[PDB]
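*Asks:* Protein sequences, first through last, are from chains B and C. With the authors' numbering as the guide, the letters of the first sequence map in order to residues 534 to 582. With the authors' numbering as the guide, the letters of the second sequence map in order to residues 922 to 969. Next up is a structure, given as structure tokens.
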Amino acid sequence: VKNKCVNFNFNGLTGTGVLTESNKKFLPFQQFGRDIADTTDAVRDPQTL
Amino acid sequence: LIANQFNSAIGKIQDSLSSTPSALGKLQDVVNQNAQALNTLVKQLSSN
Numbered sequence: 534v535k536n537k538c539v540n541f542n543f544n545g546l547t548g549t550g551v552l553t554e555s556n557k558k559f560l561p562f563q564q565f566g567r568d569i570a571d572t573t574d575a576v577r578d579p580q581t582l
Numbered sequence: 922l923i924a925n926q927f928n929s930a931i932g933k934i935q936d937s938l939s940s941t942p943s944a945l946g947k948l949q950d951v952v953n954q955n956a957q958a959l960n961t962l963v964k965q966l967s968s969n
């Protein structure tokens, strides 16, 4: 689901928030995303990459 | 003549603010002194 305050558990990594589509272009190898505070903000979904 | 001098003087100040960028640092450092420390606080979220 998108744009809903939810609980997520992606591949073990857990948390709460809202999920949306990024326009971010990774390299084909790149998976995750991290912040200045070393916190997750962008995740590749394991099912639909 | 006094009035003339006064008018001329005012214009120079505007040009002196139109030219020099380093005069207003006494304000901007204050802004920097909040824009610097705060950011470092966020980086201490990544300390084990």
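Ideal placement from N, C-alpha and C gives every residue a C-beta, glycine not left out.
Can you tell me which of the three DSSP states B/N544 falls into?
*Replies:* DSSP places B/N544 in coil when its eight states are reduced to three.
*Asks:* For B/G548, tell me which candidate among B/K558, B/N540 and B/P579 has the shortest Cα-Cα distance.
*Replies:* Minimum Cα distance to B/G548 is reached at B/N540.
*Asks:* Give the straight-line distance between the Cα atoms of B/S555 and C/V951, rounded to the nearest whole angstrom.
*Replies:* Going from the Cα of B/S555 to the Cα of C/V951 covers about 36 Å.
*Asks:* Can you round the beta-carbon distance between B/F559 and B/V576 to whole angstroms, since I take them to be within the 8 Å contact cut?
*Replies:* That pair is no contact at about 11 Å.
*Asks:* Going along the segment 555-572 of chain B in order, which residues come within less than 8 Å of chain C, judged by CB to CB distance?
*Replies:* Within the segment 555-572 of chain B, the residues whose Cβ lies closer than 8 Å to some Cβ of chain C are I569, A570, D571 and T572, listed in chain order.
*Asks:* Find the nearest neighbour of B/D568 within the set C/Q935, C/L959, C/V963 and C/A958, judged by alpha-carbon distance.
*Replies:* It is C/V963.
*Asks:* Give the range of the alpha helix (DSSP H) segment to which C/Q935 is assigned.
*Replies:* Taken as a continuous stretch (DSSP letters only), the alpha helix (DSSP H) holding C/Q935 covers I923 to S940.
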